[PDB]
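Neighbour counts run over all protein chains shown; Cβ positions are idealised from the backbone, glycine included. No value in this document is a laboratory result; all are computed from the given coordinates.
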Amino acid sequence: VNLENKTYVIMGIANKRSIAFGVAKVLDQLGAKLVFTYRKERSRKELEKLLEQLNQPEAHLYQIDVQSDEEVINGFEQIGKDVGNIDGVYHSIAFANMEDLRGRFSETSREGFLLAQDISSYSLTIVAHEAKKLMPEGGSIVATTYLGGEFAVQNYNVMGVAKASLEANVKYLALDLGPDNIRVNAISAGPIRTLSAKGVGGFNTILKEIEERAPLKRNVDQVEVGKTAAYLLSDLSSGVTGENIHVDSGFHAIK
Amino acid sequence: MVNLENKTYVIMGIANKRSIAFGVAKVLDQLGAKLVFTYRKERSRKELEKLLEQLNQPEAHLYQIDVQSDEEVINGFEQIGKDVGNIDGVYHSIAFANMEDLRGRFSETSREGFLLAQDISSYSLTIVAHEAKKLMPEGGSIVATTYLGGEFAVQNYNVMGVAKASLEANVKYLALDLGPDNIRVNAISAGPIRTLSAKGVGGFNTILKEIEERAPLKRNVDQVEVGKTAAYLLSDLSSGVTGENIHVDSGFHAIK
Amino acid sequence: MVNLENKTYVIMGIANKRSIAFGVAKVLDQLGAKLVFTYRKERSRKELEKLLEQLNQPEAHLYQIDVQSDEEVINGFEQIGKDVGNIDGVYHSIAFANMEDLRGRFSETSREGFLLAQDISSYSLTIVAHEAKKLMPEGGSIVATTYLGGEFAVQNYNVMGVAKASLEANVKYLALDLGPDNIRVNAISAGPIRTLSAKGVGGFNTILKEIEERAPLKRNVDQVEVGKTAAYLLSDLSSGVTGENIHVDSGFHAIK
Amino acid sequence: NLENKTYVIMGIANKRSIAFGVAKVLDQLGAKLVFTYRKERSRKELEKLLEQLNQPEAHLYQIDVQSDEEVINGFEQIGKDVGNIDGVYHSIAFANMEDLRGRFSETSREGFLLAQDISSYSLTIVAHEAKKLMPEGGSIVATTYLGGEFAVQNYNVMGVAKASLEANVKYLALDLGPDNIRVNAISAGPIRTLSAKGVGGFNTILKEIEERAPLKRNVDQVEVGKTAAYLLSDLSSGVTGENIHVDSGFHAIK
Ligand SMILES: NC(=O)c1ccc[n+]([C@@H]2O[C@H](COP(=O)([O-])OP(=O)(O)OC[C@H]3O[C@@H](n4cnc5c(N)ncnc54)[C@H](OP(=O)(O)O)[C@@H]3O)[C@@H](O)[C@H]2O)c1
Ligand SMILES: NC(=O)c1ccc[n+]([C@@H]2O[C@H](COP(=O)([O-])OP(=O)(O)OC[C@H]3O[C@@H](n4cnc5c(N)ncnc54)[C@H](OP(=O)(O)O)[C@@H]3O)[C@@H](O)[C@H]2O)c1
Ligand SMILES: NC(=O)c1ccc[n+]([C@@H]2O[C@H](COP(=O)([O-])OP(=O)(O)OC[C@H]3O[C@@H](n4cnc5c(N)ncnc54)[C@H](OP(=O)(O)O)[C@@H]3O)[C@@H](O)[C@H]2O)c1
Ligand SMILES: NC(=O)c1ccc[n+]([C@@H]2O[C@H](COP(=O)([O-])OP(=O)(O)OC[C@H]3O[C@@H](n4cnc5c(N)ncnc54)[C@H](OP(=O)(O)O)[C@@H]3O)[C@@H](O)[C@H]2O)c1
Ligand SMILES: CCCCCCc1ccc(Oc2ccc(Oc3cccc(O)n3)cc2)c(O)c1
Ligand SMILES: CCCCCCc1ccc(Oc2ccc(Oc3cccc(O)n3)cc2)c(O)c1
Ligand SMILES: CCCCCCc1ccc(Oc2ccc(Oc3cccc(O)n3)cc2)c(O)c1
Ligand SMILES: CCCCCCc1ccc(Oc2ccc(Oc3cccc(O)n3)cc2)c(O)c1
């Protein structure tokens, strides 16, 4: 994986603990040119500070809230004018209301359910449509999911249904964009201590059950996700699309 | 497998005699259940009043419920409860997506189209379950209808496939949540059946015929077949089964 | 929920009153089926002659078949055919692995242990199906018993897990092959049940209790619950279902 | 970079073998490679094919995986000759041609268990013996096909053997995880190899991939090799018990 002369858009860095910053450090270390998108002003500030650790000689930062079609459309169009065609997109974006990530899934509100779908699943479809315009000769799109999209995990509740939606999204996008030589895949990351992890009830209980029960008897980190992302975003994974790679110490393979 | 006499089921989503849910109704009715029907469009009520002539139900229990409205789901079930009392389960046979999005390129799906399909085809189960639970104090069974395009990308099913993926996860999270209440939640993954909603899906006839040539039983299924598995899932025969997706599709799920 | 009168089923693998297959037998018997039993060990026949006193079967049809022997399977079914005629289906409840291989380290499994488990626990279905087909000229249903350890690595299930993986693929390939003959083939994935064979699995009690705490219905299943799903799978209720794995396990398959 | 790494590749018969794709990728990335073969003809092919790789020494070992002794003694000797290894690529399977067509229900006991023995059990014993040369961990990769997860017409007994293999990878993953040995599978799409000739309807499947798979094309041996390099390297730390489909997306569609 030399990724020199490649360009990747990484969506969803908030701080140094973000999964997407793991991805960024690995891709940066392999020589990629990187372009970052953020929602909150504070995330841009963190990005300007985190770019000091990377070898990127230019900050390419774009504010994109994926709840707005205009921002996604205009964001990518402007990325295209600033750096040209890209080779792929790492999508590391999700949200649900804290009200809905605990207690009873059956009490989820319509508004909470559709908010989680909108940000955590639909965003991939529209990002893919707009990113395709910058990948005339192909490339690779990777989204971040969690095992709670494949099995009902206590407390993950509405986000689980959104990740089920996301994972089907990857498959329908794979099928649709295949002929354009655009691969679409997911990484199913094991639990990692991030800012968004604080929203999920029982998160610490899960970290520790991974250590005791997963095959490798340890938890994974953001850089491990990043290394599999580099695989999925590079020519190493030619032939792989519509796939869900579990970066979770083997926890998916056990019961 | 003796008998759904003294049982009461709510069947949601009959539009006409070709509806999957009318297969369910004919099987449950024939097994002695009391049945309660919910519909969105006035035309669906008219069809129901005519179809009830074929069933043995001595009383039409018809309730208008558009699952896009919380109020209608809340008030519909509350009124069902006042009219027939506690129920034993719910058959959910409801989905929708815009035709624009069921043939396009999936990557061109609109936000509004995507969320409409989630709202009607997935979220409706969650709120129906929450309101139906109140009429199942001693437990019961909820069954939703899905299709193989929620587990694999099937050409043309597009936005409805992502909605069925969402629905299938919905069944599992509901199973987990309502299990302690002795409410089982399951899905039937029906093979393609000629219905009014089938007309919305591009390439539907091509799929019917590939089932005949390739599925293990070399034939397609019908609405009554779905109904017989629904009776299993809604009865004590399936005690112990929850969070499950039963494929009623001539074995097509098992091949490649 | 009608009737298995005028139907005939072969139930393979009753050893005692706690056998999963005796759950199946009590449900099918209660529904009016004629039943035919096969056993390996002389003690299993003795248990069967005593257990038949509880059933309504007016005639003991008992046949010794060790599924490691082609001759015994071929001659057993041929003789069943001469004694009761055509059958409607087969419940297969047979497995074995050496206790040496059901604990500690899967990587230390012996070739002989591995192939023994495949032979008895998987291949037996294929040859039983081939011989049973001859007694189902107009179609029928075959059901095998599996466990979640065939789909995921469960500690201590080790070699039997690979055998159940093999068995589950077996059901699918058999479904595809025998589908055109209108013979459906399916599996029940039973949750853990206190049986004589359960004693061979390390950590069995630990698993029973984790089901109670974590599975959706917060309780374990029993043999009769397996039997009720078997009646579904062996009857016309499940027309349209083949190549399927129904989990009778309090929903434990659906969680993580 | 796989310099200073050593891998054992099991199951090259000729230049079209999946395992030779693996070899060309690992060789190109600087790995030291060790090869195992069954038939004398495969050794001859290997001595000729090694001329195309950059390996400065042929390390060839005869191992028929039906024999415990040959597996035990093969690996023990590999250890004495090159030292500790970093992983194993297993590309071995067999079933009788009689059983890879017509009716699966007519499969013989001997055919069924032969396919289990060579195509599934071989991984367990290879893993047990390879573990002894991976004191500080490593990676084991086996080759499977979609017919282990769904019933594919004509794949018949080999399908049940791949189902067994795939569960084998998961039980091995669980068991050897604590030893920092990862175990995974690659599910390769159809590739024109010597063993492909034994499967009825193989050409029909190649062409349906081109028309229906997402990428509208078939994969090749080098593509399998590139994902093997991922799985055998530190890039895939955190991944075990997994089945990666290198099949143009065909697994994701119905
Ligand atoms: N940590 C884990 O246990 C784990 C495990 C499996 C999967 N995942 C997935 O990994 C991804 C990244 O999450 P993380 O755990 O790394 O948390 P994180 O650092 O909090 O990153 C989450 C990102 O989502 C972005 N986001 C939320 N709504 C957005 C919107 N409307 N528009 C644009 N961006 C939006 C946030 O940006 P702002 O801060 O600027 O709002 C933030 O950068 C998520 O998809 C998550 O579901 C995480
Ligand atoms: N036939 C098939 O090929 C097939 C295969 C697998 C699964 N399914 C599933 O089977 C279920 C029923 O479809 P079908 O094939 O039976 O078609 P159908 O006869 O057209 O019934 C669909 C029902 O959806 C109802 N509906 C849609 N939106 C609604 C809303 N917002 N509120 C209340 N009801 C609403 C319709 O009621 P109104 O007419 O009153 O609007 C109609 O009764 C669906 O979930 C579908 O996805 C169908
Ligand atoms: N109990 C559980 O937790 C559990 C859970 C999931 C699945 N299962 C499955 O349920 C099935 C029945 O097991 P069980 O728990 O009911 O135990 P069981 O009561 O011990 O019955 C197992 C049967 O296997 C038979 N058997 C073994 N080798 C045989 C052979 N070569 N030929 C003919 N019969 C042979 C035994 O007959 P003889 O005694 O006469 O030798 C015995 O009747 C098995 O497939 C098992 O894998 C059990
Ligand atoms: N080609 C495909 O479409 C495809 C797709 C998915 C999976 N696969 C898998 O890929 C792997 C390699 O197959 P291939 O297609 O590359 O065919 P191949 O080049 O003919 O390789 C198969 C190898 O298996 C070896 N073998 C068989 N029995 C053995 C034994 N008892 N001991 C030691 N070696 C033994 C053969 O050695 P000899 O030459 O000396 O007999 C041969 O080198 C297999 O696991 C196969 O199932 C292939
Ligand atoms: C019970 C499961 C514990 C392991 C869950 C692992 C996990 C951790 C974090 C994940 O990412 C998010 C992102 C946003 C999110 O919603 C949030 C986060 C913070 C505040 C807020 O209001 N909502 C919840 C989880 C994620 O998808 C999955
Ligand atoms: C890829 C073709 C084979 C699969 C089609 C089988 C099938 C047929 C019908 C199904 O149900 C619906 C229900 C509503 C729906 O959306 C519609 C229907 C009519 C008009 C309209 O505007 N939208 C699409 C499918 C369904 O979920 C699945
Ligand atoms: C750690 C798993 C806990 C639940 C296992 C439940 C279970 C219980 C019994 C099962 O059936 C058998 C049948 C034979 C068998 O091998 C035996 C049994 C007794 C003695 C012996 O020498 N071998 C092991 C398990 C089975 O497949 C699964
Ligand atoms: C109908 C599906 C066709 C695509 C199957 C792809 C495939 C191709 C080759 C595969 O590898 C083998 C290896 C040995 C084998 O058994 C053989 C090979 C040659 C001669 C013989 O007697 N048996 C059959 C297939 C394999 O596992 C899978």
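Summary table
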read-out: Number of positions in segment B:207-256 that are in contact (Cβ under 8 Å) with a residue 12 or more places away in the chain and either more than 24 Å from residue C:227 (Cα to Cα) or within 16 Å of ligand 8 (Cβ to nearest atom) (or both); value: 17
read-out: Where residue C:201 falls short, out of the listed (1) facing another protein chain (nearest Cβ under 9 Å); (2) more than 27 Å from residue C:34 (Cβ to Cβ); (3) surrounded by 18 or more Cβ atoms within 10 Å (Cβ to Cβ); value: (1)
read-out: Count - residues of segment A:151-166 that are surrounded by fewer than 24 Cβ atoms within 10 Å (Cβ to Cβ) and either within 16 Å of ligand 6 (Cβ to nearest atom) or facing chain B (nearest Cβ under 8 Å) (or both); value: 2
read-out: Single residue of segment D:167-177 satisfying the filter (under 19 Å from the mean Cα position of the chain (by Cα) and within 10 Å of chain A (Cβ to nearest Cβ)) that is nearest to residue D:110 (Cα to Cα); value: D:167
read-out: Any hit, segment B:69-81, residues being in a loop (DSSP other than H, G, I, E, B), over 26 Å from residue B:204 (Cα atoms) and more than 16 Å from ligand 5 (Cβ to nearest atom); value: yes
read-out: Set C:250, C:197: member being at positive phi and within 16 Å of ligand 3 (Cβ to nearest atom); value: C:250
read-out: Residue match in segment B:216-224 (condition: facing chain C (nearest Cβ under 10 Å), assigned to a helix (DSSP H, G or I), within 16 Å of ligand 5 (Cβ to nearest atom) and among the aliphatic types (A, V, I, L, M)); value: no
read-out: Test result for residue A:135, within 30 Å of residue B:72 (Cβ to Cβ) and either in a loop (DSSP other than H, G, I, E, B) or away from ligand 7 (no atom under 16 Å from the Cβ) (or both); value: no
read-out: Qualifying residues in segment C:165-197 (those that are more than 12 Å from every other protein chain (Cβ to nearest Cβ) and surrounded by 15 or more Cβ atoms within 10 Å (Cβ to Cβ)) - the one farthest from residue D:102 (Cα to Cα); value: C:195
read-out: When residues of segment D:196-234 are limited to those that are surrounded by fewer than 20 Cβ atoms within 10 Å (Cβ to Cβ) and of a type in the set (S, T, N, Q), the one nearest to ligand 7 (Cβ to nearest atom); value: D:204
read-out: Residue within segment C:213-221 that is within 30 Å of residue C:140 (Cβ to Cβ) and away from ligand 1 (no atom under 16 Å from the Cβ) present; value: yes
read-out: Residue count, segment D:99-114 (criterion: outside any loop (DSSP other than H, G, I, E, B) and in contact (Cβ under 8 Å) with a residue 24 or more places away in the chain); value: 4
read-out: Test: residue in segment B:139-161 that is within 7 Å of another protein chain (Cβ to nearest Cβ) and of a type in the set (D, E, K, R); value: no
read-out: Residue selected from segment A:235-255 under the condition surrounded by fewer than 24 Cβ atoms within 10 Å (Cβ to Cβ) and polar (S, T, N, Q), by the criterion farthest from residue A:90 (Cα to Cα); value: A:238
read-out: Residue within segment D:103-123 that is among the β-branched types (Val, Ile, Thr) and surrounded by fewer than 21 Cβ atoms within 10 Å (Cβ to Cβ) present; value: yes
read-out: Answer residue from segment D:240-254, given it is of a type in the set (A, V, I, L, M, F, W, C) and more than 21 Å from residue D:164 (Cβ to Cβ) and is nearest to the other protein chains (Cβ to nearest Cβ) among those; value: D:252
read-out: Top-ranked residue in segment B:27-60 [being of a type in the set (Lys, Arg) and surrounded by fewer than 20 Cβ atoms within 10 Å (Cβ to Cβ); ranked as nearest to ligand 4 (Cβ to nearest atom)]; value: B:41
read-out: Residue that is nearest to ligand 1 (Cβ to nearest atom), among those in segment A:74-98 that are in contact with a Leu (Cβ under 8 Å, 6 or more places away or on another chain) and assigned to a strand (DSSP E or B); value: A:91
read-out: Residue count, segment C:225-256 (criterion: β-branched (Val, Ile, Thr), at the interface with chain B (Cβ under 7 Å from one of its Cβ atoms) and part of a helix (DSSP H, G or I)); value: 1
read-out: Complete set of residues in segment A:1-59 that are in contact with a strand residue (DSSP E or B) (Cβ under 9 Å, 6 or more places away or on another chain) and β-branched (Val, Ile, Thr); value: A:7, A:9, A:10, A:13, A:19, A:23, A:35, A:37
read-out: From the options D:212, D:182, residue that is more than 16 Å from ligand 3 (Cβ to nearest atom) and within 17 Å of the chain's Cα centre (by Cα); value: D:182
read-out: Residue check, residue A:72 of a type in the set (A, V, I, L, M, F, W, C), more than 23 Å from residue B:114 (Cα to Cα) and either more than 16 Å from ligand 2 (Cβ to nearest atom) or within 17 Å of the chain's Cα centre (by Cα) (or both); value: no
read-out: Pairs where the first residue, in segment D:156-185, is away from ligand 5 (no atom under 16 Å from the Cβ) and the second is among the acidic types (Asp, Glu) and assigned to a helix (DSSP H, G or I), C-beta under 7 Å, 6+ apart; value: D:156/D:99; D:157/D:99; D:163/C:168; D:185/D:166
read-out: Test: residue B:153 is without any contact (Cβ under 8 Å) to a residue 60 or more places away in the chain, surrounded by 24 or more Cβ atoms within 10 Å (Cβ to Cβ), over 15 Å from residue A:107 (Cα atoms) and within 16 Å of ligand 5 (Cβ to nearest atom); value: no
